[PDB]
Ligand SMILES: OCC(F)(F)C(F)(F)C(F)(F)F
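Shown here is one chain on its own, the form deposited without the named molecule, set out as structure tokens.
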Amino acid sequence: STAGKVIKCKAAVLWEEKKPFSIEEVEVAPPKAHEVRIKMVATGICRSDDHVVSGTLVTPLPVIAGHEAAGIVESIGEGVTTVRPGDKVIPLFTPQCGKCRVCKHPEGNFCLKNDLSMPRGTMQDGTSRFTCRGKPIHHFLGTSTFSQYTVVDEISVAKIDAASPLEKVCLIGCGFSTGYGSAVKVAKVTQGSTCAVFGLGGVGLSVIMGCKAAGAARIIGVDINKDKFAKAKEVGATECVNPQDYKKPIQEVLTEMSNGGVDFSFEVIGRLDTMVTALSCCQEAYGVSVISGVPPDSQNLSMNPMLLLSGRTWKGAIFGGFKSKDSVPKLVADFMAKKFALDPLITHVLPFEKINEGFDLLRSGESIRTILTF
């Protein structure tokens, strides 16, 4: 009874930069070829969504943001073979087309069909499925999850376990997978190793989780906010250090604590200075440092290339380095098998309509993660 027809529903539209989200009645067009319309069940509030508001992550406005989410398929357009009406799904802000240079590469995941490098804010076909009072509203990262219903291209959605709790697994759409993959996929943390995680928010916690699943012997949480330590240890951190406690630079403290440098360091914060600090605190000959947060408005950092000449490896990634469509279902499966817990990351749950409160919570730093429910 909705298939093939425009659906009228509510969405959170951002009409202009630096403005609160406006809950509006919007029209969601039915899926065209290879597209999938999804009824949203839950969506997380991610810092990246806030960068849009800030005009820091440039993408065309007005837009429906939101990229970390889970829902149920309402209908599919022609030619769609990977999901069916009724399936539980997670939108993939990093698509997996399967055919570009990158998707075919054993090590690449940044699919060239992405709307991140040069944001267009549309469907793959250059159009939008969203209107508010006749006016076109843009899409965001091919997902647009801050709406009761969205339409995404098939390469930007993955089918997940029919028994999954969507209020929890939605985190796999961004925050968790980013942190988790940084450790298990990008760094390739090894058993018995020593790890240093800079930034103990939601993503840093997921890094710890990855280091633990990988069997790290030591995981040193680093953060200037000691209130983050309890939860960090709770998910696997062996120790926690607050750089503000020390009279010496933190790379020194970490090098000395790890008897010469750690095996693996992670910067999840996106700070120029900590990214360099994190690089230096890894062992000079075989240490690996992984970054996962870089604000779209980043200036250039300044570092000494001698940090690299000795043997260090520096790398970054998007979405934890996971090929999205392949990985998302496996991660949910892992969750369903009770291999890792997501609850520690969820500190707040609010009905969708209270989105702006959820953003206040994000900006204040009070929450690790707010989940919005429909």
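One rule holds for the numbers: they count along the sequence shown, beginning at 1.
Quick note: we don't show the form deposited with the named molecule bound, though the next part is all about it.
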Checklist entry - Hey, with the named molecule in the deposited bound form, do 57, 174 and 318 all fall inside the 4.5 Å heavy atom range? => result yes
Checklist entry - Given that the named molecule is left out here, which of 184, 72, 116, 257 has a heavy atom within 4.5 Å of it in the deposited bound form? => result 116
Next on the checklist: Under a 4.5 angstroms heavy atom criterion, identify the one residue in 331, 46, 40, 26 near the named molecule in the deposited bound form.
Outcome noted: 46
Next on the checklist: Does any part of residue 141 reach within 4.5 Å of the named molecule in the deposited bound form? Heavy atoms only, please.
Outcome noted: yes
Next on the checklist: in the deposited bound form, is there a heavy atom of the named molecule that lies within 4.5 Å of any heavy atom of residue 83, even though the partner is absent here?
Outcome noted: no
Checklist entry - Though only this chain appears here, would residue 294 touch the named molecule in the deposited bound form if you measure heavy atom gaps against 4.5 Å? => result yes
Checklist entry - Does residue 146 make contact with the named molecule in the deposited bound form, using a 4.5 Å heavy atom cut-off? => result no
